[PDB]
Amino acid sequence: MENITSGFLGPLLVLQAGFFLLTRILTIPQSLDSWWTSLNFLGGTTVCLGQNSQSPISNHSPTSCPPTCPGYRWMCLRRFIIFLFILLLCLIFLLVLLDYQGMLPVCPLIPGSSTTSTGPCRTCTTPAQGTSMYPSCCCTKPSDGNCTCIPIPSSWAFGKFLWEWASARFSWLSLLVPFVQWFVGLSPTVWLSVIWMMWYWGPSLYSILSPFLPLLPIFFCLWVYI
Amino acid sequence: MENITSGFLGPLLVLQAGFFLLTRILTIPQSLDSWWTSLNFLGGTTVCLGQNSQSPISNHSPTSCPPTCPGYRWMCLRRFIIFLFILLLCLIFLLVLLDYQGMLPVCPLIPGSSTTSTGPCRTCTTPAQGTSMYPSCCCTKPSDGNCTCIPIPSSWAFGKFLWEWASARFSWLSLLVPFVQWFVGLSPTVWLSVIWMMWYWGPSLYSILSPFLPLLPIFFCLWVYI
Amino acid sequence: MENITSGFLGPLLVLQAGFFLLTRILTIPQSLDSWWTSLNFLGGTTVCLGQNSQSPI
Amino acid sequence: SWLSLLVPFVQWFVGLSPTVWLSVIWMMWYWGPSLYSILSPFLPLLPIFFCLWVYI
């Protein structure tokens, strides 16, 4: 062992990493076939309908399958679609993971008057054009020379800037933001109960909603006059 | 009150309009369901799995037994999952669309002596470990230092902080990018020829590589360990 | 401009809304119809038991 | 003389890379009879084009 073990392990580590990557790639097609098929197979079988008569097999070609049996090009197409979906999903997941980051940039520029500096202002900003919006802070104002704006927050990511834009878009949603805020403020043993209630009883809830779904315009007519 | 008639008119108009939109939104889940169904119905034609044999639908099988009949919880759950996936895709699309917009900043950092305009360095000297993504540069240093730093420059790929600034996390990836460009840029009748050949014998070749690909893990570790 | 717009469009929108309201009112009926259809379903059919023999349909 | 003018055309067409003739042949396999069937109506169109260029 000793150094020879380490030298082999380095190559062994590379081989294991590559094999794991290839297995993950293959499984993503297999696993996606699994999920969606069970979606079709929730009360259903897995018999590949692409197994045509000119492909002699009783049922050997009948599970999210084709290899080369009869219809196989469309199975490859399904595999490619699954690969694209998996690529998109993993890209999104990595994007979120690097999005929190603690340190991702989120340099914001919105109208405000919050002050935290050393001996600041007494010249400040006097821009009477372009409304209250602020541009890149090299020196935002048309005539600003000693300008200094606001540094990125140790919270989240550009979601702050979007929320600033989003709050402009919607104000009723801003009011409901406290509602979801206190909803998430509930303890961890809240989401599980919510899921359990939504479990089973949720289809009945959608059923019951279907009645009021026709009645929804009538209900809106009240607030419409309001 | 002829004008007031007009008001109630516009109100009920908005009413029916939102009604339809909903209908369109609900169909969008059903539309995606049909789309993926055809994806599965590449081989298949039409079926709803839950439909029991002892059922008036029987020959009526698609979404006919997704909730009103037979398999309700799982089929409706699949519909809800598809709707959630569609909503997530829509959110991603909106985020991608808002990319090239206004108030779009990357707020990046890189070491250089360039300046957008007349910038006096005044012996700008204060360095630190990890020059990229240094302190806020609000003249946050042992002294002020007469600092001028980067605004949010007007260019595409605002998230270049990862594309190039964090590209140092994998230098070989940058090296492979030159190799990617080397592979690219051939004659116009090169990508088309590759596509035609791949469509011609892609299945046979992929089968040909099957165990060779499994056998590939053996090699290129020993070569390094040599 | 010769664009009448105004009342001519207003009457047309009124007719469309009235048709929609009539459809909704009738649905309310068939809406309760199918909610009581839900009442009898979970394994229940809906055929006309009365309209079985004494009808040429 | 006009043959020489078209000679450079064929010279550069066949002057393409080796992976051009195979694609052309494969197209000929798939299209030849189908192309003949499609262009059969064009024969009546061909007299119309000849008449058009006749005045030109």
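Rounded, prolate or oblate: which one fits the protein assembly as shown, using the alpha carbon gyration tensor with axes a ≥ b ≥ c (rounded when a/c is under 1.5, else prolate when a/b beats b/c, else oblate)?
rounded
Pairing rule first: another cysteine's C-beta must sit under 4.7 Å. Under that rule, which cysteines of chain B stay single?
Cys with no partner Cβ under 4.7 Å: B:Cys76, B:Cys90, B:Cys138, B:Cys221.
Kindly identify chain D as rounded, prolate or oblate by the Cα gyration tensor criterion: order the square roots of the eigenvalues as a ≥ b ≥ c, call it rounded if a/c is under 1.5, otherwise compare a/b with b/c, prolate if a/b is larger, else oblate.
Oblate shape, in that a/c is at least 1.5 and b/c is the bigger or equal ratio.
Would you work out the charge dipole size for the protein assembly as shown about its Cα centre, treating the Cβ of every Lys and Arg as +1 and the Cβ of every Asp and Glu as -1, and quote it to the nearest 20 debye?
Dipole magnitude for the protein assembly as shown comes out near 360 debye.
Would you list B:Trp35, C:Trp35 from fewest to most Cβ contacts within 10 Å?
With the sparsest Cβ surroundings first, the list reads B:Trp35, C:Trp35.
On average over all directions, what projected area in square nanometres does the range B:74-226 have, based on the convex hull of its Cα atoms?
Answer in nm², one decimal: 19.3.
Using the beta-carbon distance between A:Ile226 and A:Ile25 and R0 = 51 Å, what value does 1/(1 + (r/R0)^6) give for FRET efficiency, to the nearest 0.05?
My answer for the efficiency is 0.35.
In which sequence would A:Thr116, A:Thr45, B:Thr148 go, from the one with the fewest C-beta neighbours within 10 Å to the one with the most?
Listing A:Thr116, A:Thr45, B:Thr148 from fewest to most nearby Cβ atoms yields A:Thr116, A:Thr45, B:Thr148.
Does the range B:1-142 classify as rounded, prolate or oblate by the C-alpha gyration tensor (a ≥ b ≥ c root eigenvalues; a/c under 1.5 gives rounded; else a/b over b/c gives prolate, otherwise oblate)?
oblate
Please find, in a Gaussian network model of chain B (springs between Cα atoms separated by less than 10 Å), the residue of B:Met75, B:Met133, B:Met198 whose mean-square fluctuation is greatest.
B:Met198
Using the Cα atoms as the points, what is the convex hull volume per residue of the range B:133-200 in Å³?
Hull volume normalised by residue count: 155 Å³.
Averaging the inverse of every distinct alpha carbon separation and then flipping it gives the Kirkwood radius. What is it for the range A:79-119, in angstrom units?
That comes to 13.8 Å for the range A:79-119.
Could you tell me how far the Cα centroid of the range B:15-29 sits from the Cα centroid of chain C, in Å?
First find each Cα centre; the distance between them is then 18 Å.
May I ask for the angle, rounded to the nearest 10°, between helix C:6-40 and the longest principal axis of chain C, with both axes built from Cα atoms and the value confined to 0 to 90°?
Taking Cα atoms only, the helix is inclined about 10 degrees.
Against the longest alpha carbon principal axis of chain A, how many degrees, from 0 to 90 and to the nearest 10, is the axis of helix A:73-100 turned?
With both axes taken from Cα atoms, the answer is about 30 degrees.
Using Cα-Cα distances under 8 Å and only pairs 6 or more residues apart, what relative contact order does chain A have, in percent?
Dividing the mean separation by the residue count of chain A yields 12 percent.
Could you work out the local net charge near A:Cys124, counting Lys and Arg as +1, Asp and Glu as -1, over the other residues with Cβ closer than 12 Å to its Cβ?
Counting the neighbours of A:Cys124, the net charge comes to +1.
Report relative contact order for the range B:116-193 in percent, whole number only (criteria: Cα-Cα under 8 Å, sequence separation at least 6).
Relative CO of the range B:116-193 lands at 20 percent.
In nanometres, what is the gap between the two model label sites at B:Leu215 and A:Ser117, each 7 Å from Cα along Cα-to-Cβ?
7.0
What is the helix-to-structure angle for B:171-183, meaning the angle in degrees between its Cα long axis and the longest Cα principal axis of chain B, kept from 0 to 90 and rounded to the nearest 10?
70
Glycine also receives a Cβ, built like all others from the backbone with ideal geometry; neighbour counts cover every protein chain displayed. FYI, it's all coordinate maths here, none of it is from the lab.
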